[PDB]
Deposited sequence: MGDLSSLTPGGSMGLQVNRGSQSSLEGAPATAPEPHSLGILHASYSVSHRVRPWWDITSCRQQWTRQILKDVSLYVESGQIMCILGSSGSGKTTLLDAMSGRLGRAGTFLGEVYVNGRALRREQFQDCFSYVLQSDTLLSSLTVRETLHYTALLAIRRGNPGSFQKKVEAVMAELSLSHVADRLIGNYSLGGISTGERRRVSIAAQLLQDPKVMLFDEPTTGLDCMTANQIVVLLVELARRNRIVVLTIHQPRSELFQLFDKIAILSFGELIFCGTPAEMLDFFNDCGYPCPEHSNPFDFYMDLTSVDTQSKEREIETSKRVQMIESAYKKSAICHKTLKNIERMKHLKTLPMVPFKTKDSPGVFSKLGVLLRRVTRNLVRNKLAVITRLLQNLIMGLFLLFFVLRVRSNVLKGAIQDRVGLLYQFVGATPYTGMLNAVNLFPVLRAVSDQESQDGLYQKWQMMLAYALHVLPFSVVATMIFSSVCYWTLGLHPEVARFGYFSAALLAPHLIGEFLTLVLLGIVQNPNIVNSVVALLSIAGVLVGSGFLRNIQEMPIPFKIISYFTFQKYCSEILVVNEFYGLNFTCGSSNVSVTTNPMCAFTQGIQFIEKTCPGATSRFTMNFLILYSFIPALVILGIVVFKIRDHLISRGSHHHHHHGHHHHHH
């Protein structure tokens, strides 16, 4: 049987862990308790090997006699999160199949489907295999079913040592008891399960095999609950009848941060308990067992995962198909994506509704206002869609990247690839509905040019919002910054109401890096070229207004189009770099 061994674990970067020593075997489940400043999450992250890059972590970790290095923690120890970020518009079977494809690479999907069926039958998830996840309060699956689906997705990689970060917090009593029973069964099924509970119940005492208590990183006790009660009785603190020994022992080994004397009293009590535990025979037996397993050379090799490194293009295609199925199965998402520009155009038509030919009343002013509204609204709609649909995918990617499944830049590329055609179709239908109704130089070439000149800035703004969401966590600050940047661009770079030929030098230099200037130039060349004006009165034709706004735009229309089309890969590379630094600065 396998065996996990921890010797003198310590985490400084301010001494979060102080001489942590644990020892777990196969068929047993170990629970770890502690206060808020106990440091159990840090210990779990150091055992899984995630937060070990921010600060130094001492101590050795022996698994089946062989000591794993700092790079062998990820492919051997599994970690289950607490947020449980899952896609609502996806079924359990499809999610497990996508997870198996991202983790395992064998061949035809028959083996993957058989493995998914076996894993679902192991956790009794066959009754919800053809049901959407959704929300527990909106009619979907319950929180316990979501936790079971997460456990199944984590077990798809066939692990042997599992870690859980508070799997019972946030749930009811019956759901927590069922989760505890399921974890006990999984541990008894030839596996190692090390979980942490904030405050267990009374019936969860005789179900665990080993109970650990940590106080500010110092190991207070770790052993069999029977030996735990024996040691707590011999130490001079007998547990009263009907007192929930869990909470009693948690309060006995806690620090009261309310006064200056009670704190010192609790500290001295904790130190005395730790000193009595260090001189006990349980720690000596644990150290002897660890030393024996270290120099035994009888146990088999270290059980790693059955996952193999897949191709980058395969993971990209799998993520693309996953996000496409998630977007299609969500009617509201595609509805907003295809109707935001339509609602904006209808709101503009409710005010303008027509464009006349009279220099004195509504000849150039209405067109300039419409173009300004389009340039200020398309990135606004892109940012709205991004803030409404990306954060959940960002959370899913952040949760799945720590397990070694895929990278975040691949997720961003798949998101861009699946958002390109929907936005293209939305802009196309919006232009087909609104550009012909307004009657702005009706022509097929002008129609296509207008469609492209309203589609490119939309994608530019959407990619900028994606970059800002990848660099800033809070979506509200991202929304505010994107709105401010779009307003500044449409106010400075756009030569509609600023006369760039007279603006100062710094603003003129800043406007060269903004797509609003190129968009305005393209719109002017497309609109004010093939029509004349009359007053029955400053200008007479459209060429005069073109030369007044942007003189050399007629000869640089193609260059502006090329710049507007090449601004997209620059933003893609910027987002790739933003994600490649975000996956490290966290």
Against the full deposited sequence, which stretches does the structure leave out? 1-34, 48-65, 589-599, 650-666
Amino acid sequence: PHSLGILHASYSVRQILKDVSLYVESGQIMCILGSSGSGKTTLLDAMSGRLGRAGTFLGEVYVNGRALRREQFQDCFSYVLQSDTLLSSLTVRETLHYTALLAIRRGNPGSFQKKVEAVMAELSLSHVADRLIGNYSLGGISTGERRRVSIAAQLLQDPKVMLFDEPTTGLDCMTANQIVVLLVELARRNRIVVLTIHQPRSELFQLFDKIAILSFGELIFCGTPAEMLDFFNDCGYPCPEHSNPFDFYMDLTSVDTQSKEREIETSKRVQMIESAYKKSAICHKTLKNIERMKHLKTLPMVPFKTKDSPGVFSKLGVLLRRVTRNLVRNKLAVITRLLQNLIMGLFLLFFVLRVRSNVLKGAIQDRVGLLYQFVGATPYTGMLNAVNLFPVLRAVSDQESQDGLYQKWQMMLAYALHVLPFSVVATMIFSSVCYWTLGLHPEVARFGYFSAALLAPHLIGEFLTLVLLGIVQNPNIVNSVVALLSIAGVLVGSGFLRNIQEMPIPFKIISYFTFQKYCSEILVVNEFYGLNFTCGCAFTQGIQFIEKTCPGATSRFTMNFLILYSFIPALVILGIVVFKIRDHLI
From here on, numbers count along this sequence of modelled residues.
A54 left out of the model in a third or more of other PDB entries: yes
Of the other entries that cover residues on both sides, do at least a third skip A538? yes
